[PDB]
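Pasted below: coords-v8.txt, compact mmCIF, C-alpha atoms and all ligand atoms.
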```
# COMPACT_ATOMS: atom_id res chain seq x y z
CA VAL D 1 78.81 130.26 96.12
CA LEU D 2 80.86 128.95 99.00
CA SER D 3 82.30 131.47 101.40
CA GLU D 4 86.02 131.86 101.91
CA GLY D 5 85.68 130.05 105.23
CA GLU D 6 83.83 127.16 103.59
CA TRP D 7 86.58 126.91 100.88
CA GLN D 8 89.17 126.85 103.67
CA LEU D 9 87.49 123.84 105.25
CA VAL D 10 87.39 122.03 101.89
CA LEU D 11 91.04 122.69 100.97
CA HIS D 12 92.19 121.90 104.53
CA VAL D 13 90.92 118.37 104.30
CA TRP D 14 91.96 118.01 100.64
CA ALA D 15 95.62 118.74 101.57
CA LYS D 16 95.35 115.63 103.79
CA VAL D 17 93.92 113.53 100.87
CA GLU D 18 96.91 114.57 98.84
CA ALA D 19 99.09 112.80 101.41
CA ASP D 20 97.87 109.48 100.01
CA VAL D 21 96.11 110.18 96.67
CA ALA D 22 96.36 106.59 95.52
CA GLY D 23 94.86 105.01 98.66
CA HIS D 24 91.99 107.49 98.70
CA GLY D 25 91.36 106.96 95.04
CA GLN D 26 91.13 103.22 95.51
CA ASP D 27 88.73 103.45 98.45
CA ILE D 28 86.41 105.86 96.62
CA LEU D 29 86.15 103.89 93.34
CA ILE D 30 85.69 100.64 95.27
CA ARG D 31 82.96 102.23 97.45
CA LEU D 32 81.21 103.49 94.29
CA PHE D 33 81.39 100.09 92.56
CA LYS D 34 80.09 98.19 95.58
CA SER D 35 77.32 100.67 96.45
CA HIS D 36 76.12 101.17 92.88
CA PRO D 37 77.16 98.17 90.76
CA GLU D 38 75.64 99.66 87.63
CA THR D 39 78.52 102.20 87.69
CA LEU D 40 81.15 99.47 87.22
CA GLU D 41 79.49 98.52 83.94
CA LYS D 42 80.55 101.92 82.41
CA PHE D 43 84.22 100.94 82.69
CA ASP D 44 85.20 98.48 80.03
CA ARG D 45 88.60 98.42 81.66
CA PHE D 46 87.38 97.29 85.12
CA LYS D 47 84.24 95.32 84.23
CA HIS D 48 86.06 92.03 84.85
CA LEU D 49 86.63 92.74 88.55
CA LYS D 50 84.14 90.64 90.52
CA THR D 51 85.04 90.94 94.18
CA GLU D 52 86.34 93.59 96.54
CA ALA D 53 89.63 91.62 96.92
CA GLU D 54 90.14 91.64 93.12
CA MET D 55 89.43 95.39 93.07
CA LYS D 56 91.94 95.99 95.81
CA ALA D 57 94.59 94.03 93.93
CA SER D 58 94.18 95.89 90.62
CA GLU D 59 97.07 98.30 89.96
CA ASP D 60 95.26 99.74 86.97
CA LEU D 61 92.27 100.64 89.16
CA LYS D 62 94.59 102.32 91.68
CA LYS D 63 96.18 104.27 88.77
CA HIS D 64 92.77 105.53 87.64
CA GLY D 65 91.92 106.55 91.21
CA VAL D 66 94.90 108.92 91.07
CA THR D 67 93.72 110.25 87.68
CA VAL D 68 90.26 110.99 89.09
CA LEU D 69 91.37 112.65 92.31
CA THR D 70 94.05 114.70 90.57
CA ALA D 71 91.44 116.22 88.22
CA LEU D 72 89.07 116.85 91.16
CA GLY D 73 91.84 118.45 93.21
CA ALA D 74 92.71 120.87 90.36
CA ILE D 75 89.02 121.87 90.26
CA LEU D 76 88.64 122.30 93.98
CA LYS D 77 91.71 124.53 94.24
CA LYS D 78 90.15 126.93 91.71
CA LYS D 79 87.55 127.71 94.40
CA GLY D 80 84.64 127.96 91.95
CA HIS D 81 86.63 129.54 89.15
CA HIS D 82 86.85 126.20 87.42
CA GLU D 83 85.44 126.82 83.99
CA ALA D 84 88.51 125.79 81.99
CA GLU D 85 89.06 122.61 84.08
CA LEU D 86 85.46 121.53 84.09
CA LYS D 87 84.54 121.93 80.45
CA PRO D 88 86.76 119.19 79.00
CA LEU D 89 85.65 116.87 81.76
CA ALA D 90 81.90 117.48 81.19
CA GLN D 91 82.34 116.97 77.46
CA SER D 92 84.11 113.57 77.70
CA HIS D 93 81.85 112.33 80.50
CA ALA D 94 78.69 113.37 78.61
CA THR D 95 79.62 112.42 75.08
CA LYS D 96 82.29 109.71 75.25
CA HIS D 97 81.86 107.98 78.60
CA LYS D 98 78.05 108.52 78.64
CA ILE D 99 77.86 109.13 82.38
CA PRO D 100 74.48 110.16 83.89
CA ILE D 101 74.57 113.18 86.23
CA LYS D 102 73.07 110.84 88.88
CA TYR D 103 76.34 108.80 88.88
CA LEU D 104 78.24 112.00 89.77
CA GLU D 105 75.93 112.25 92.74
CA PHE D 106 76.90 108.62 93.63
CA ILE D 107 80.62 109.27 93.46
CA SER D 108 80.14 112.45 95.52
CA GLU D 109 78.58 110.28 98.24
CA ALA D 110 81.57 107.92 98.00
CA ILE D 111 84.04 110.78 98.36
CA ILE D 112 82.33 112.15 101.50
CA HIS D 113 82.19 108.68 103.06
CA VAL D 114 85.87 108.03 102.50
CA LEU D 115 86.94 111.46 103.74
CA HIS D 116 84.85 110.80 106.81
CA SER D 117 86.64 107.41 107.48
CA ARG D 118 90.17 108.66 107.01
CA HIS D 119 90.01 112.10 108.59
CA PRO D 120 87.50 112.46 111.45
CA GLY D 121 89.35 115.33 113.09
CA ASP D 122 89.48 117.36 109.94
CA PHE D 123 86.09 116.31 108.74
CA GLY D 124 83.52 117.35 111.33
CA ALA D 125 79.96 118.44 110.42
CA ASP D 126 81.10 121.93 109.35
CA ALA D 127 83.70 120.47 106.96
CA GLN D 128 81.34 117.79 105.65
CA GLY D 129 78.82 120.60 104.95
CA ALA D 130 81.37 122.65 103.05
CA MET D 131 82.54 119.64 101.05
CA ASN D 132 78.93 118.80 100.18
CA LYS D 133 78.45 122.33 98.87
CA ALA D 134 81.65 122.17 96.85
CA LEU D 135 80.60 118.89 95.25
CA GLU D 136 77.06 120.26 94.54
CA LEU D 137 78.65 123.27 92.83
CA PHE D 138 80.78 120.80 90.71
CA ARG D 139 77.61 118.87 89.73
CA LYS D 140 75.47 121.95 88.99
CA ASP D 141 78.18 123.29 86.65
CA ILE D 142 78.63 119.92 84.92
CA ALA D 143 74.86 119.55 84.53
CA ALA D 144 74.68 122.92 82.78
CA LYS D 145 77.24 121.76 80.19
CA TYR D 146 75.34 118.47 79.74
CA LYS D 147 72.15 120.43 79.13
CA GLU D 148 73.86 122.56 76.50
CA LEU D 149 75.02 119.42 74.71
CA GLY D 150 71.69 117.58 74.89
CA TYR D 151 72.53 115.07 77.65
CA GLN D 152 70.78 116.35 80.79
CA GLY D 153 69.85 112.89 81.94
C1 LIG D 201 84.53 113.18 90.62
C2 LIG D 201 84.05 112.98 89.37
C3 LIG D 201 84.83 112.51 88.28
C4 LIG D 201 85.98 112.96 87.86
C5 LIG D 201 86.87 114.08 88.51
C6 LIG D 201 86.34 112.16 86.71
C7 LIG D 201 87.59 112.34 86.08
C8 LIG D 201 88.01 111.51 85.02
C9 LIG D 201 89.25 111.75 84.30
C10 LIG D 201 90.11 112.99 84.55
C11 LIG D 201 89.29 110.80 83.28
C12 LIG D 201 90.31 110.63 82.15
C13 LIG D 201 90.18 111.61 80.99
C14 LIG D 201 88.75 111.69 80.46
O1 LIG D 201 88.35 110.77 79.73
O2 LIG D 201 88.03 112.64 80.82
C15 LIG D 201 88.08 110.00 83.43
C16 LIG D 201 87.76 108.90 82.58
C17 LIG D 201 86.62 108.09 82.74
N1 LIG D 201 85.62 108.34 83.71
FE1 LIG D 201 85.58 109.77 85.06
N2 LIG D 201 85.50 111.16 86.42
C18 LIG D 201 84.52 111.38 87.36
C19 LIG D 201 83.36 110.62 87.48
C20 LIG D 201 83.06 109.45 86.79
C21 LIG D 201 81.96 108.59 87.07
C22 LIG D 201 80.95 108.73 88.18
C23 LIG D 201 82.01 107.60 86.08
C24 LIG D 201 81.30 106.40 85.87
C25 LIG D 201 80.44 105.80 86.70
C26 LIG D 201 83.13 107.97 85.22
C27 LIG D 201 83.56 107.19 84.12
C28 LIG D 201 84.75 107.36 83.44
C29 LIG D 201 85.17 106.41 82.33
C30 LIG D 201 84.42 105.26 81.75
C31 LIG D 201 86.35 106.89 81.96
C32 LIG D 201 87.28 106.30 80.91
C33 LIG D 201 88.13 105.33 81.68
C34 LIG D 201 89.12 104.64 80.79
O3 LIG D 201 88.70 103.74 80.04
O4 LIG D 201 90.27 105.07 80.72
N3 LIG D 201 83.81 109.09 85.67
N4 LIG D 201 87.28 110.46 84.50
```
Mind turning this structure into structure tokens?
Amino acid sequence: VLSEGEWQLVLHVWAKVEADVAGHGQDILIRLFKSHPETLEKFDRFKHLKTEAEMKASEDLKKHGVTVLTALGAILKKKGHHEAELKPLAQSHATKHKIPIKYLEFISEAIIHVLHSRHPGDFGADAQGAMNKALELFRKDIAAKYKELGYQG
């Protein structure tokens, strides 16, 4: 469980992300695709993008970035009590999108990197630690749903 003070740190920085959801969403998906190219191959709708400049230019990619961060924000603000938000997400990602749990670890890494770049003063070691915990809690819960369904892997 995170403590109340750890959840404060997480939601303090997130309220800054929400100042520019679209620009954060871009940076994170682009970081993921460059760091782990195999993840881009899961997206039929972005597979054609070949360079970072092409990624940056895509309005559809920027739109999806907002989709992703908006779902994550709704989860984070539930401070652990995120059963109803997380279930639909685990089901589509396991059964329709076919996303390994490992790739959720990759995009967690991408989120922490971007937060670090954009918000040093609100993202010191204590905040990074809390955010890491929050994202581990997100993964652990997702992984349990995957296991139930037969997808752990
Ligand atoms: C922070 C973790 C993530 C969140 C919050 C998340 C959230 C979402 C949301 C809310 C949607 C649209 C509705 C749905 O189909 O569920 C979506 C679609 C999708 N996600 Fe994720 N996602 C996450 C991680 C990933 C990762 C790591 C991958 C792949 C490497 C992935 C692949 C997809 C694909 C393929 C779609 C369908 C895109 C399209 O064709 O419209 N997701 N995701």
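Comparing D:88, D:121, D:25, D:129 by their smallest distance to residue 5 of chain D, the closest is D:129 (using only C-alpha atoms).
Considering all atoms listed in the file, every residue of the polymer chains approaching ligand LIG 201 (chain D) to 7 Å or closer is listed here: residues 39, 40, 42, 43, 44, 45, 67, 68, 69, 71, 72, 88, 89, 92, 93, 97, 99, 103, 104, 106, 107 and 108 of chain D.
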Handout entry: Who sits within 10 Å of residue 83 of chain D, all atoms listed in the file, same chain under 6 positions skipped, as a PyMOL selection string
Key = chain D and resi 75+141-142
Completion exercise
Students should find that atom CA of residue 133 of chain D and atom CA of residue 10 of chain D are spaced 9.4 Å
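With distances taken over all atoms listed in the file, D:94 is the one residue among D:94, D:127, D:137, D:112 lying closest to residue 149 of chain D.
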Exercise for the section: Quick one: everything within 12 Å of residue 3 of chain D, counting only C-alpha atoms, minus sequence neighbours fewer than 4 positions away in the same chain. Send it as number ranges by chain. Expected result: D: 7-10, 79-80, 129-131, 133-134
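For the choices D:70, D:109, D:56, D:138, the atom-to-atom distance to residue 82 of chain D is smallest for D:138 when using all atoms listed in the file.
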Taking all atoms listed in the file into account, produce a table as JSON lines in which each residue of segment 71-97 of chain D with an atom at most 10 Å from an atom of segment 14-23 of chain D appears once, together with its shortest atom pair and the distance in Å to one decimal, ordered by chain and rising number.
```
{"residue": "D:72", "atom": "CA", "partner": "D:14", "partner_atom": "CA", "distance": 10.0}
{"residue": "D:73", "atom": "CA", "partner": "D:14", "partner_atom": "CA", "distance": 7.4}
{"residue": "D:76", "atom": "CA", "partner": "D:14", "partner_atom": "CA", "distance": 8.6}
{"residue": "D:77", "atom": "CA", "partner": "D:14", "partner_atom": "CA", "distance": 9.1}
```
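Atom CA of residue 41 of chain D sits 26.5 Å away from atom CA of residue 116 of chain D.
Proximity ranking of D:125, D:61, D:101, D:74 relative to residue 28 of chain D places D:61 first, based on all atoms listed in the file.
You will find atom CA of residue 31 of chain D at 25.8 Å from atom CA of residue 151 of chain D.
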Fill in the blank from the handout: Judged by all atoms listed in the file, the minimum distance to residue 87 of chain D among D:47, D:132, D:139, D:12 is found for D:139
Problem - Neighbour list for residue 114 of chain D as a ChimeraX atom specification, cut-off 8 Å, only C-alpha atoms, skip fewer than 4 positions in-chain - result: /D:24,27-28,110,118
Env of segment 52-55 of chain D: 12 Å cut, atoms = only C-alpha atoms, seq-sep filter 2 positions within chain, self excluded. Answer as a CSV table (one decimal) with C-alpha atoms, in the coordinates of the input.
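The new file part.csv reads:
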```
chain,number,residue,atom,x,y,z
D,25,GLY,CA,91.4,107.0,95.0
D,26,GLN,CA,91.1,103.2,95.5
D,27,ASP,CA,88.7,103.4,98.4
D,28,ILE,CA,86.4,105.9,96.6
D,29,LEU,CA,86.2,103.9,93.3
D,30,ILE,CA,85.7,100.6,95.3
D,31,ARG,CA,83.0,102.2,97.4
D,32,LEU,CA,81.2,103.5,94.3
D,33,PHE,CA,81.4,100.1,92.6
D,34,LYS,CA,80.1,98.2,95.6
D,35,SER,CA,77.3,100.7,96.4
D,37,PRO,CA,77.2,98.2,90.8
D,40,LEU,CA,81.2,99.5,87.2
D,45,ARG,CA,88.6,98.4,81.7
D,46,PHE,CA,87.4,97.3,85.1
D,47,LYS,CA,84.2,95.3,84.2
D,48,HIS,CA,86.1,92.0,84.8
D,49,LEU,CA,86.6,92.7,88.6
D,50,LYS,CA,84.1,90.6,90.5
D,57,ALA,CA,94.6,94.0,93.9
D,58,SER,CA,94.2,95.9,90.6
D,59,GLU,CA,97.1,98.3,90.0
D,60,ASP,CA,95.3,99.7,87.0
D,61,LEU,CA,92.3,100.6,89.2
D,62,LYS,CA,94.6,102.3,91.7
D,63,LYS,CA,96.2,104.3,88.8
D,64,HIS,CA,92.8,105.5,87.6
D,65,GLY,CA,91.9,106.6,91.2
```
Practice task
Using all atoms listed in the file, determine which residues lie at most 8 Å from residue 91 of chain D, disregarding the query and same-chain residues fewer than 4 positions distant; provide the list as a list in words.
Solution key: residues 87, 95, 96, 145 and 146 of chain D
Starting from 4 Å padding per side, set up an axis-aligned box that covers all listed atoms of segment 125-143 of chain D and hand over centre and edge lengths in Å, one decimal, as JSON.
```
{"center_x": 79.3, "center_y": 120.5, "center_z": 97.5, "size_x": 16.8, "size_y": 13.5, "size_z": 33.9}
```
Please rebuild segment 116-128 of chain D with N, CA, C and O atoms and give the result as a compact mmCIF listing (two decimals), in the coordinates of the input.
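And here is the file that came out, rebuild30.txt:
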```txt
# COMPACT_ATOMS: atom_id res chain seq x y z
N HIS D 116 85.34 110.94 105.45
CA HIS D 116 84.85 110.80 106.81
C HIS D 116 85.66 109.69 107.56
O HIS D 116 86.09 109.93 108.69
N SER D 117 85.92 108.55 106.89
CA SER D 117 86.64 107.41 107.48
C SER D 117 88.12 107.69 107.82
O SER D 117 88.65 107.20 108.83
N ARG D 118 88.76 108.44 106.95
CA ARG D 118 90.17 108.66 107.01
C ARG D 118 90.55 109.89 107.81
O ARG D 118 91.75 110.08 108.12
N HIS D 119 89.62 110.82 107.99
CA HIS D 119 90.01 112.10 108.59
C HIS D 119 88.94 112.68 109.49
O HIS D 119 88.63 113.88 109.38
N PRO D 120 88.44 111.90 110.47
CA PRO D 120 87.50 112.46 111.45
C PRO D 120 87.83 113.87 111.97
O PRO D 120 87.02 114.80 111.83
N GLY D 121 89.05 114.09 112.41
CA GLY D 121 89.35 115.33 113.09
C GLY D 121 89.41 116.49 112.13
O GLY D 121 89.57 117.66 112.56
N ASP D 122 89.46 116.22 110.84
CA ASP D 122 89.48 117.36 109.94
C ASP D 122 88.21 117.37 109.15
O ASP D 122 88.07 118.15 108.17
N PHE D 123 87.31 116.46 109.52
CA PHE D 123 86.09 116.31 108.74
C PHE D 123 84.88 116.18 109.64
O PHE D 123 84.16 115.17 109.58
N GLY D 124 84.71 117.19 110.51
CA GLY D 124 83.52 117.35 111.33
C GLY D 124 82.34 117.80 110.47
O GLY D 124 82.50 117.96 109.25
N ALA D 125 81.22 118.15 111.12
CA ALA D 125 79.96 118.44 110.42
C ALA D 125 80.10 119.71 109.52
O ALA D 125 79.62 119.74 108.35
N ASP D 126 80.90 120.65 110.02
CA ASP D 126 81.10 121.93 109.35
C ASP D 126 81.90 121.74 108.06
O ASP D 126 81.48 122.21 106.99
N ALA D 127 82.91 120.86 108.13
CA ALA D 127 83.70 120.47 106.96
C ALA D 127 82.93 119.58 105.96
O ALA D 127 83.05 119.73 104.76
N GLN D 128 82.19 118.61 106.47
CA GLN D 128 81.34 117.79 105.65
C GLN D 128 80.34 118.70 104.89
O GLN D 128 80.10 118.48 103.70
```
